[PDB]
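Novice:
Protein chains: 2
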Amino acid sequence: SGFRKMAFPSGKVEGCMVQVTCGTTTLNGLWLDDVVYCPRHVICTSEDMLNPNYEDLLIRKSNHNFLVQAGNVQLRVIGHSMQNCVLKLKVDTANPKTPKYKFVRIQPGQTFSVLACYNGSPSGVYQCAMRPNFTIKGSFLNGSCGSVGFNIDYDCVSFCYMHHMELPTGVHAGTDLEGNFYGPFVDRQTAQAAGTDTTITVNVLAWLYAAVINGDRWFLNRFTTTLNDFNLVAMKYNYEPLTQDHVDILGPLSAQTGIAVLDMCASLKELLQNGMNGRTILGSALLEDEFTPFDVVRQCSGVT
Amino acid sequence: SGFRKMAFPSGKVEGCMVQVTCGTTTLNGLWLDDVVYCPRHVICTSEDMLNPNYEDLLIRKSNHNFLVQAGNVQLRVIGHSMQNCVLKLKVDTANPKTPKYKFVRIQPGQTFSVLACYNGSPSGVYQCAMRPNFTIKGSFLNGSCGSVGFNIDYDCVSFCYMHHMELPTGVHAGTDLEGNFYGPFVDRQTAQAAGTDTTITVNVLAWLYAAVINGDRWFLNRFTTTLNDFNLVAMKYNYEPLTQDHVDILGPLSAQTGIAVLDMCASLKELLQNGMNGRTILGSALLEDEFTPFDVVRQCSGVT
Ligand SMILES: O=C(Nc1nncn1C1CC1)[C@H]1CCOc2ccc(Cl)cc21
Ligand SMILES: O=C(Nc1nncn1C1CC1)[C@H]1CCOc2ccc(Cl)cc21
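First to last, the protein sequences are chains A and A'. A prime marks a further copy of an entry chain. If you read the first sequence in the authors' numbering, its first letter stands for residue 1, the second for the next number, and so on. If you read the second sequence in the authors' numbering, its first letter stands for residue 1, the second for the next number, and so on.
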């Protein structure tokens, strides 16, 4: 038993991390097959970032200007192209450590692990959620750009995020591996305010199921509710509306614990209305929303 | 910016995980050089665990009874010995993926990453602290025994923990890599109650410094305190006593923020006495104690 904010093992992704330098800018790249993926803002100076014309800036760059280093060995760049906000640097060597992989665009509320890197070297791994306002709350310093988010299904790594920037509010923004930003954000140093950071309701419920499975039951009450009644309370508390799709997704957790989804919604409703009263749930004093129902099942079953 | 419960990249440790089976028991082992380390309770049946005589049980086991599998390939066991609560299985092949490593016995309050494994395969990685009562609060299911805790200094992996059991209270106990248990626990299915789980005061202060560095400053007050006055409050709240050694260890964080350690102790004192009042610090509603002052410096500087 016990429930932890668990990240995927990062070894498969560590073997893909490289350093990419263009001029005076060094960031991280992802080396998969004979392609290195990195944020296109590697071509920018700090001045350029204020209003960059990436196509115009890219004209002044040749293959030899992109310095790609894997460990202590240099990769030869034989091609470069821009796909949305990412650059794809074709190298002459396929990464021998390339795992089975996919590029996936996640939905808000989904979780992933981030392997934070600096100069192509891994510093740490943590679990994140794509917030409903399309930001992530990570831990990224200067040089962390190009660090990636991913999920693993046994031996296939699904890359879902590449880190690009920190908004003036300290939250993070990035793209999928096709270079498309999550949300309305652009790779420009400009006023970009995030929208409302609502709570991922289906994730909180999944985490409440994880608590029951792991012994924390104090919050279970004698009440039930309806999707409409629950949603009225969820609106008031900046919680995402719960749909029948979410109820169906919670089905296996409901079956395992014997607690109907709407009964758990009524427990969540009372927690929102009365608070925790100085108590904790799974060692947390707030309602945790960065565990999906799939993460809960996976962690509680031991998927390797 | 941003501060996350970050684990070390686990690739170096993933390459050491093997499956060890003895009879009907399968658990994880750590393969370093030509030795596989695993909990000695791999030789036990569920009945034996009630009152095992490990030396007597071990007499009935030969090298061929320990089945060691690395991925899909079997390792030949050419020797076996018991060192405290761990078995050391000598194999005929040195692990080609053996990283630079040390075996270290950590002190209560120190942190480490756990690579949770099942059948020699990694399932996930999370950051833990050795509690002051010598337990850890992990996420371990049946089959997770032999999963290890470690820290990394650039390329050297310091193994500090091997998972052995879950106490009836859901907390976890284990040994260092010499097989010595942390705390008073024994590898026997018996009444083993944990002592008081006090809060790691020096870690909370380090995390309060991390909050200031990352923008969360609401809790800073106009007060100061003394080590003795602070410790009176810390005793009342089941916080570990703060020593001058702890103040010295917080020195670089104090210097970076310009907030004297005793002033931060006065902030912590008011937080203990008044609570958070429904507010959060680094996205937490409670005082976090599983970040050491070294973790805070490391995360805030970007050590790879
Ligand atoms: O935000 C940035 N990258 C990063 N990633 N995670 C965190 N941080 C930094 C620490 C903010 C870059 C990309 C956008 O253009 C600029 C412009 C100025 C500066 Cl200082 C940084 C950046
Ligand atoms: O606690 C155990 N290992 C484990 N590790 N982390 C978690 N869990 C299990 C889930 C409790 C083992 C070792 C002690 O002897 C026994 C005896 C009975 C049983 Cl059921 C398990 C065990």
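Here a beta-carbon is modelled for each residue, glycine too, at the ideal position from N, C-alpha and C.
Determine whether the Cβ of residue 7 (chain A') lies closer than 8 Å to any Cβ atom of chain A.
Specialist: Stepping through the second sequence from its first residue, residue 7 (chain A') is reached at position 7. True, the Cβ-Cβ gap to chain A drops below 8 Å.
Novice: Measure how close the beta-carbons of residue 203 (chain A) and residue 292 (chain A) come, nearest whole angstrom, since I'm counting them as under 8 Å.
Specialist: Mapped onto the first sequence, residue 203 (chain A) falls at position 203. Mapped onto the first sequence, residue 292 (chain A) falls at position 292. About 6 Å; that satisfies the 8 Å criterion.
Novice: Look up residue 137 (chain A') in the DSSP assignment and say whether it is helix, strand or coil.
Specialist: If you number the second sequence from 1, residue 137 (chain A') lands on position 137. Here residue 137 (chain A') sits in coil by DSSP.
Novice: Can the beta-carbon of residue 85 (chain A') be found less than 8 Å from the beta-carbon of residue 39 (chain A')?
Specialist: Translated into positions along the second sequence, residue 85 (chain A') becomes position 85. Translated into positions along the second sequence, residue 39 (chain A') becomes position 39. A contact, by the Cβ cut-off of 8 Å.
Novice: Consult DSSP for residue 385 (chain A) and reduce its assignment to one of helix, strand or coil.
Specialist: This structure cannot settle anything about residue 385 (chain A), because the visible part of chain A is limited to 1 through 304.
Novice: What residue from A:89, A:300, A:73 has the CA that sits closest to residue 79 (chain A)'s CA?
Specialist: Counting from one through the first sequence, the residue named residue 79 (chain A) turns up at place 79. Closest by alpha carbon: A:89.
Novice: Quick check: the Cα distance between residue 96 (chain A) and residue 177 (chain A), rounded to an integer number of angstroms?
Specialist: Here residue 96 (chain A) corresponds to residue number 96 of the first sequence, with the count starting at 1. Here residue 177 (chain A) corresponds to residue number 177 of the first sequence, with the count starting at 1. In a straight line, the C-alpha of residue 96 (chain A) is about 20 Å away from that of residue 177 (chain A).
Novice: Counting only Cβ pairs nearer than 8 Å, list the residues of chain A' close to residue 119 (chain A).
Specialist: One-based indexing of the first sequence puts residue 119 (chain A) at position 119. Correct list: 304.
Novice: Kindly examine ligand 1 and report whether one of its heavy atoms sits closer than 7 Å to the Cβ of residue 141 (chain A).
Specialist: Looking up residue 141 (chain A) in the first sequence gives position 141. Yes, since a heavy atom of ligand 1 falls inside the 7 Å radius drawn around the Cβ of residue 141 (chain A).
Novice: How is residue 244 (chain A') classed by DSSP in three states: helix, strand or coil?
Specialist: Mapped onto the second sequence, residue 244 (chain A') falls at position 244. Note: residue 244 (chain A') maps to helix in three-state DSSP.
Novice: For residue 137 (chain A'), go through chain A and note every residue whose CB falls closer than 9 Å to its CB, in chain order.
Specialist: What you label residue 137 (chain A') is simply residue 137 of the second sequence in a count that begins at 1. Within 9 Å Cβ-Cβ: 2, 4, 283.
Novice: If I follow the unbroken alpha helix (DSSP H) through residue 264 (chain A), where does it start and stop?
Specialist: Taking the first residue of the first sequence as 1, we reach residue 264 (chain A) at position 264. Start and end: 261-274.
Novice: Would residue 104 (chain A) and residue 113 (chain A) be called neighbours here (beta carbons separated by less than 8 Å)?
Specialist: For the purposes of this step, residue 104 (chain A) is identified with residue 104 of the first sequence, where counting begins at 1. For the purposes of this step, residue 113 (chain A) is identified with residue 113 of the first sequence, where counting begins at 1. No, the pair does not count as a contact, with Cβ atoms beyond the cut-off.
Novice: Compute the Euclidean distance between the alpha carbons of residue 230 (chain A) and residue 264 (chain A'), then round it to the nearest angstrom.
Specialist: As a working mapping, residue 230 (chain A) is identified with position 230 in the first sequence. As a working mapping, residue 264 (chain A') is identified with position 264 in the second sequence. Residue 230 (chain A) and residue 264 (chain A'): Cα-Cα distance of roughly 42 Å.
Novice: Do residue 145 (chain A) and ligand 1 come close, with the Cβ less than 7 Å from some heavy atom?
Specialist: Residue 145 (chain A) sits at position 145 when you count from the first residue of the first sequence. Yes, since a heavy atom of ligand 1 falls inside the 7 Å radius drawn around the Cβ of residue 145 (chain A).
Novice: If you drop the 5 nearest sequence neighbours on each side, which residues of the same chain put their C-beta closer than 6 Å to that of residue 99 (chain A')?
Specialist: Residue 99 (chain A') sits at position 99 when you count from the first residue of the second sequence. Closer than 6 Å at Cβ, skipping near neighbours: 12, 157.
Novice: Between which two residues does the beta strand (DSSP E) holding residue 199 (chain A) run?
Specialist: Counted from its first residue, the first sequence places residue 199 (chain A) at position 199. It is not in any beta strand (DSSP E) - residue 199 (chain A) carries neither H nor E in the DSSP assignment.
Novice: Within a Cβ cutoff of 8 Å, which residues of the same chain sit near residue 167 (chain A'), ignoring the five residues on either side of it in sequence?
Specialist: For the purposes of this step, residue 167 (chain A') is taken as residue 167 along the second sequence, with counting starting at 1. Excluding residues within five positions, the ones whose Cβ falls inside 8 Å are 135, 173, 185, 192, 193, 194.
Novice: Using a Cβ-Cβ distance under 8 Å, would residue 164 (chain A) count as near chain A'?
Specialist: Taking the first residue of the first sequence as position 1, residue 164 (chain A) is located at position 164. Answer no: the Cβ-Cβ gap between residue 164 (chain A) and chain A' never drops below 8 Å.
Novice: In the DSSP assignment, the alpha helix (DSSP H) including residue 301 (chain A) goes from what residue to what residue?
Specialist: Counted from its first residue, the first sequence places residue 301 (chain A) at position 301. Run containing residue 301 (chain A): 293-301, per the alpha helix (DSSP H) assignment.
Novice: Note down, in chain order, all residues in the segment 185-202 of chain A' with a beta-carbon under 7 Å from any beta-carbon belonging to chain A.
Specialist: Residues passing the 7 Å Cβ filter: none.
Novice: Quick one, which of A:266, A:198, A:213, A:62 has its alpha-carbon nearest residue 225 (chain A)'s?
Specialist: As a working mapping, residue 225 (chain A) is identified with position 225 in the first sequence. When each option's Cα is compared against that of residue 225 (chain A), the closest is A:266.
Novice: Judging by CA-CA distance, which residue of A':198, A':147, A':260, A':233 is the nearest neighbour of residue 221 (chain A')?
Specialist: Against the second sequence, residue 221 (chain A') aligns to sequence position 221. Per the Cα distances, A':260.
Novice: Which runs of the beta strand (DSSP E) at least 3 residues long sit entirely within the segment 105-134 of chain A? Give them in chain order.
Specialist: Correct list: 111-118, 121-129.
Novice: Give me whichever residues DSSP pairs with residue 174 (chain A') in a beta bridge.
Specialist: Numbered from its first residue, the second sequence carries residue 174 (chain A') at position 174. A':163, per the DSSP bridge assignment.
Novice: Between residue 125 (chain A') and chain A, is any beta-carbon pair separated by less than 8 Å?
Specialist: Mapped onto the second sequence, residue 125 (chain A') falls at position 125. True, the Cβ-Cβ gap to chain A drops below 8 Å.
Novice: Alpha carbon to alpha carbon, how far is residue 32 (chain A) from residue 15 (chain A)?
Specialist: Locating residue 32 (chain A) in the first sequence gives position 32, where the first residue counts as 1. Locating residue 15 (chain A) in the first sequence gives position 15, where the first residue counts as 1. Each residue's alpha carbon lies about 9 Å from the other.
Novice: Using only the heavy atoms of ligand 2, determine whether one of them is closer than 7 Å to the beta carbon of residue 6 (chain A).
Specialist: Against the first sequence, residue 6 (chain A) aligns to sequence position 6. The answer is no for residue 6 (chain A).
Novice: Helix, strand or coil for residue 7 (chain A) per DSSP?
Specialist: Residue mapping note: residue 7 (chain A) aligns to position 7 of the first sequence, counting from 1. Residue 7 (chain A) falls in the strand class under three-state DSSP.
Novice: From which residue to which residue does the alpha helix (DSSP H) around residue 235 (chain A) run?
Specialist: Taking the first sequence and counting its residues from 1, one reaches residue 235 (chain A) at position 235. Note, residue 235 (chain A): alpha helix (DSSP H), 227-236.
Novice: Please determine whether the Cβ atom of residue 49 (chain A') lies at a distance below 7 Å from any heavy atom of ligand 2.
Specialist: As a position in the second sequence, residue 49 (chain A') is number 49, starting the count at 1. Yes, Cβ of residue 49 (chain A') sits closer than 7 Å to a heavy atom of ligand 2.
Novice: Which of the three DSSP states is assigned to residue 28 (chain A) in this structure?
Specialist: Working through the first sequence from its first residue, we reach residue 28 (chain A) at position 28. Looking at residue 28 (chain A) - three-state DSSP - the assignment turns out to be strand.
Novice: Could you run through the segment 260-282 of chain A' and flag, in chain order, every residue whose CB is less than 9 Å away from some CB of chain A?
Specialist: Going along the segment 260-282 of chain A' in chain order, one finds 275, 276, 278, 280 with a Cβ nearer than 9 Å to chain A.
Novice: To the nearest angstrom, how far is the alpha carbon of residue 189 (chain A) from that of residue 123 (chain A)?
Specialist: Residue numbering aside, residue 189 (chain A) sits at position 189 when the first sequence is read from its first letter. Residue numbering aside, residue 123 (chain A) sits at position 123 when the first sequence is read from its first letter. Going by the C-alpha atoms only, they are around 26 Å apart.
Novice: Between residue 14 (chain A') and chain A, is any beta-carbon pair separated by less than 8 Å?
Specialist: The sequence position of residue 14 (chain A') within the second sequence is 14, counting from 1. It does: the Cβ of residue 14 (chain A') has a partner Cβ on chain A nearer than 8 Å.
Novice: Please confirm whether residue 29 (chain A) has its beta-carbon closer than 8 Å to some beta-carbon of chain A'.
Specialist: One-based indexing of the first sequence puts residue 29 (chain A) at position 29. Not an interface residue.
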